[PDB]
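Read the structure below first, then the notes.
Each chain gets a letter, A, B and so on, in the order its sequence line appears, and its residues count up from 1. Whatever order the structure lists ligands and atoms in, that order sets their numbers, starting from 1.
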Amino acid sequence: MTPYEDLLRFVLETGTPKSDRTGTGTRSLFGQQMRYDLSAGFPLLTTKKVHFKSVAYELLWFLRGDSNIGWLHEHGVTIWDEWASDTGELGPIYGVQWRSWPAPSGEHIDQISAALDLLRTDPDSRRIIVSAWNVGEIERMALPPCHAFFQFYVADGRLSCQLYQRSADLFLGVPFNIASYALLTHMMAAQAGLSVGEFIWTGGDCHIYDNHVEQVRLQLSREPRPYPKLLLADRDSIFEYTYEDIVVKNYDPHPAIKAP
Amino acid sequence: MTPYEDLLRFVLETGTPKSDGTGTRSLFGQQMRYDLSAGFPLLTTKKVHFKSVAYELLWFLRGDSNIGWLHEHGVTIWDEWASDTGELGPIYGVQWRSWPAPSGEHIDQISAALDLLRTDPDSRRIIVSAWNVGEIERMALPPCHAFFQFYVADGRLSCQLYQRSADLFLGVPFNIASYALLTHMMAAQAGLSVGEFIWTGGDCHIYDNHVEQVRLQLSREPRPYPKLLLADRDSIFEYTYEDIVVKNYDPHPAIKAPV
Ligand SMILES: O=c1ccn([C@H]2C[C@H](O)[C@@H](COP(=O)(O)O)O2)c(=O)[nH]1
Ligand SMILES: O=c1ccn([C@H]2C[C@H](O)[C@@H](COP(=O)(O)O)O2)c(=O)[nH]1
């Protein structure tokens, strides 16, 4: 019922001091795991208000296979601007690898479509995998992939997804990542004719930045509310979902906490 | 602490029955954690064939696509898949040592990782991937231990493996010992102590034809782990089988992989 907050508390109390690329100190643990039963509720956080619009649009953008911020801008989303070129380009980041992993043949692999196929025709496959960690291409990316690699699993007509995320800004970043992949899992399940199972979040370096400590204590003092419910309009292709096809119902968070 | 045996028990009791030719019990997203300071996680509840483990890893480090070097040393675990020339495709070690970049250049992920460990231990990008989406079809089969990350805190090197598919009875004992061993080498080459080895799996399964063997293993009292000693070397690529001594290994009898 509070996998994120449990993890957040554990790292707060138990994390090891560790210097960071950004010059801010962190407390961190390595190899941590959160598990959500999606059937019980949609894990958009209630102990602090999370901006779902940013989440949903970024995901739709990924599913386009889009390396340009343009389409995000058409929709008022600016979360990627900082890193873009004067043309708006970011290099072959997430979505580009999801939809268009360049194969030696000179062709391209749509990992999203490949996975949906497997889920429909061979649900017991243990190879239903999407990777964004394209070693040869990472240098051309504005940023190395963070949520790097994910797998699907099917049991009893329920779809599960496990994400491997190599680095996790537990306070500022992870709440978006959880919501994003949960959303992805609903979209995949709907398109594969399955229901939702578990979302499993597995992290590499899980850290609380030193300048978020007070914000974390605030958030940990709050009693979680019941989770909202996720609803999707009917579509016959994952690539046809729009922002308007998604509804987050009964989302009742505590107030947003702004970070320094 | 016996994370392996715990996991085995857990999957045996709560696993979902499934298909694939043999059926399995399956759980998804299971994690195991070993403090390498406390001992080398070479299983004591059955004799684990470490010879095959150690040689396989050394073979990986070589970047070798062909099984020749493994026969040279008596190891037959990869036979069932080789071509008549004994090639396997760009499996594990090819990806570790020479991931083909679009530039025509090859990336040595091992050296890159070692270099970060020496140069920038705080890095959260210290990763080796075998999951080369474009090359998987050329491989005799797709990678199981698909990729791994290193992490340093307080001079201690931890490693995390992501393994998409896990034969809990036959495969996982090797995967643990192999990545445990690789962490010791990396730590030594980097001037670090050993921290934790974290095993994270995808489809974690016991084959239906392994249940009796699994029960035998679980009735056995676990014994203290052995200790691993690595002779000195100047480079991770120069280690040899003889550099690797597992002291004080006192396992219960091996358990034959059924037919
Ligand atoms: O989807 C993301 C992307 C980034 N980060 C955080 C983790 C790190 O704190 C930082 C990126 O820093 P590096 O690990 O690359 O150094 O951003 C996330 O938490 N989730
Ligand atoms: O290092 C390895 C390699 C393979 N396997 C197992 C997992 C599966 O049972 C089988 C590979 O089959 P697929 O998941 O590819 O179907 O081998 C392991 O457990 N460890």
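Although no hydrogens or angles enter the test, the distance criterion places no donor-acceptor pair under 3.5 Å between the side chain of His186(A) and the main chain of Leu184(A). Within the 3.5 Å criterion, the main-chain N or O of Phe176(A) finds no donor-acceptor partner in the side chain of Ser180(A). With hydrogens and angles ignored, the 3.5 Å screen pairs a side-chain donor or acceptor of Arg164(B) with a backbone N or O of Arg126(A). For the pair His207(A) (side chain) and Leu170(A) (backbone), a donor-acceptor distance under 3.5 Å is absent.
Within 4.0 Å of ligand 1, the residues that place a heavy atom are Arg21(A), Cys146(A), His147(A), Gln165(A), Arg166(A), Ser167(A), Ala168(A), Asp169(A), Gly173(A), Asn177(A), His207(A), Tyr209(A), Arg124(B), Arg125(B), listed by chain and number.
A donor-acceptor pair shorter than 3.5 Å cannot be found between the side chains of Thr200(B) and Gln163(B).
Remark: aromatic rings of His147(A) and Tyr94(A) are close, center separation under 6.0 Å.
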